[PDB]
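Only one chain is shown below, in structure tokens, and it's the form deposited in one PDB entry.
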């Protein structure tokens, strides 16, 4: 198995992975094709790209390509003392049944709409915001309100959002060496989790001390608190509930937050797309129906802008797995213990599949191009096959709900040069580099 160039010998490509992971992965493809390798210290990473190789990846059962130990940076976050022994598929199943059922979508759209109005309540006539600060906080509220419950969300304040952020900043790729290296970002990460457990414990004690007289406001915290082990003792501790809540929201927070920011960035970068979306929204809402109604149904132009934003700026730039056995892909041998990865960042821009891959072209999703549909295994912002993101429908609905409100009320423009808006790839969790100042003005 040949490796990409530039390896720093002993450390391999670890340092490049911590600064320019996309450049590294792209060089692996440019140099080795659909199957190449790079190393993170002693760990071997087999990087797959292209339709054939990606299909292998996405059709692989968790018994051949395990997600289990593929993301060591998450263990200290969900919590060591956790019973996350539920197959990643079991987890997806529980989350779905609890908060992602189709019949729940309309209520979620209304919740999200409400949360957005609450966030822009004091915006006034005009001003400026930082995209990361705004969307990171907004999605903490939409996520908690929808996935856990409005009652729970209402018991939260800025502290929760700030601590959660420290969790995401605690995902330095060095976790592939040791998730407990004595570095400050990992220390802040561990303190942040203890801070979150404390906030939840406080709320828990309040729920237990004064049981909800109502019942129609009952949320996921109430549900978890009531569960009893066979011995008859409460099944979950504040620590486990916190871990479960963190897990419920993690995959959906930074992805939705970053996607909302980039959707607005691309709209502002392309004046004609922006105009097209504004006219579409105006016409659409002119029928007098609600956001909860329209956000669940098609909004063509805004959706093609979202699909293109996702193709160019996928929030998860690399998907990881650990080979549980011996495999072979296009002649390249994969060994047990090897890390195996797929990359939306790289695959979403393969020129043979997506002409002019670096250009923003929403029309590539209209007929007859329908590039997302004709390139199932390479258009993968949400993954594909059995590992397709379980929150996709929710994420799509949220984006529509969020912008239906924002773009109908305010108009935005960059407060910085267009090139200044970019991602920070120093942690496994991608987020906008700051500042990302944007000016807003109430629409007349």
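Numbering follows the first chain given and starts at 1. Take the two forms, superpose them, and find the largest set of C-alpha atoms that agree within 1.5 Å; that set is the rigid core.
The form deposited in another entry exists for this protein as well; it is not shown, and the discussion that follows is about that form.
Q: Go through 124, 355, 107, 232 and flag the only one whose CA is off by 2 Å or more between this form and the one not shown, rigid core held fixed.
A: Going through each option, the one that shifts is 232.
Q: Align on the rigid core first; then say whether the Cα of residue 334 has moved by at least 2 Å between this form and the one not shown.
A: Result for residue 334: no, shift under 2 Å.
Q: I want to check residue 204: does it shift between this form and the one not shown by 2 Å or more at the Cα, with the core superposed?
A: It does shift by 2 Å or more.
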